[PDB]
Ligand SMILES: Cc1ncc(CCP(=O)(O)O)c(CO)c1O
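Shown next as structure tokens: one chain only, the form deposited without the ligand.
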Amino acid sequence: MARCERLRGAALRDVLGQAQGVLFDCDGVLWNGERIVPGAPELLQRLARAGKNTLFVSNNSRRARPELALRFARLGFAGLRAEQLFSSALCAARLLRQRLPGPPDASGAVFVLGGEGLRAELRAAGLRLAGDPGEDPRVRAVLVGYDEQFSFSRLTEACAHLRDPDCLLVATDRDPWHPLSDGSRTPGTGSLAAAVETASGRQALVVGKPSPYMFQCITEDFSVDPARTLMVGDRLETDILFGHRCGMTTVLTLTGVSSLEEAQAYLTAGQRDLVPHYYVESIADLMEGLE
């Protein structure tokens, strides 16, 4: 039962050694905007060098896997394989492919509330999209992602497709909002999904953290022992909660959304699924336990 203790000294050395792998969130963890967290690339290098598997699990639905790979390299993280990158965009594409395979050749299209990156990810998996060139099939799912073009007319159109009870409703994630470098915030997919759910009378299947589906997506490709895996994230309600549901050890890093006082709040209220096992000021602190 997590005590939100500061990981350092010998415990830090033991916990990492036992680890088969570390799961990292990206935003708030490896970088903030275009500023990387100092030490992070070096940390990743030393991890790989010590044979510890690294995967990246993000709720960000804006970037398709190729463009995510380029961001990593451009920001100084070399030697990443694309196979290591799991976004809500990617796993939503895969979930939708599997729920729509059906025997019927009469595949439909997905109506997407989101950007080019999310669309690209779905096309990469082989899905057809409403609004692409040519005839438009029957819309068979609405996908809600991070959608800067969100509009009343697009909400209305989403709801029309949803009047067909066989049309599925999927959301990339429910993050409510995200911090921007200038100090402001942008609404998250979770706010857009709440609108879509309310106007259509439906509940979405949610793909991203803290939904376990994300772990399912990851385990289709890699063998993961949750008991020997660290989940490292900056956000208690998505990263930590996810980690607990999957049985992983959880590390809150303090370079992002949540504060230690938010964690200690939850601890005192006994909501243990939101209490990290450990915390660090930044992921850089983890290196003292390595060589």
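If you superpose the two forms and keep the largest set of C-alpha atoms that fall within 1.5 Å, you have the rigid core. Counting begins at 1, following the sequence as shown. Only residues modelled in both forms are compared.
Keep in mind the form deposited with the ligand bound is missing from the figure; the text below concerns it.
At 4.5 Å between heavy atoms, is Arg62 in contact with the ligand in the bound PDB entry? Taking the distances in the bound PDB entry, the answer for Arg62 is yes, it comes within 4.5 Å of the ligand.
Can you tell me whether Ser58 touches the ligand? I mean in the bound PDB entry, with a 4.5 angstroms heavy atom cut-off. Output for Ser58 is yes: heavy atoms within 4.5 Å of the ligand.
Does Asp27 make contact with the ligand in the bound PDB entry, using a 4.5 Å heavy atom cut-off? Judged by the heavy-atom cut-off of 4.5 Å, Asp27 is in contact with the ligand in the bound PDB entry.
Wondering, does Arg128 line up within 4.5 Å of the ligand in the bound PDB entry on heavy atoms? It does not: once the ligand is placed as it appears in the bound PDB entry, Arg128 has no heavy atom within 4.5 Å of it.
For the three residues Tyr146, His178 and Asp234, which mark the spot I'm curious about, does each lie within 4.5 Å of the ligand in the bound PDB entry through at least one heavy atom? Judged in the bound PDB entry, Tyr146, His178 and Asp234 all sit within 4.5 Å of the ligand.
Which one, 219 to 227, 247 to 255, 50 to 58, 35 to 43, holds residues whose non-hydrogen atoms are within 4.5 Å of the ligand in the bound PDB entry? It is 50 to 58 that comes within 4.5 Å of the partner.
For 207 to 231: residues with a non-hydrogen atom within 4.5 angstroms of the ligand in the bound PDB entry? Residue within 4.5 Å: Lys209 only.
Sticking with residues common to both forms, list the runs of three or more in a row where every CA moves 2 angstroms or more between this form and the one not shown, core superposed. Moving region between this form and the one not shown: 102 to 106, nothing else.
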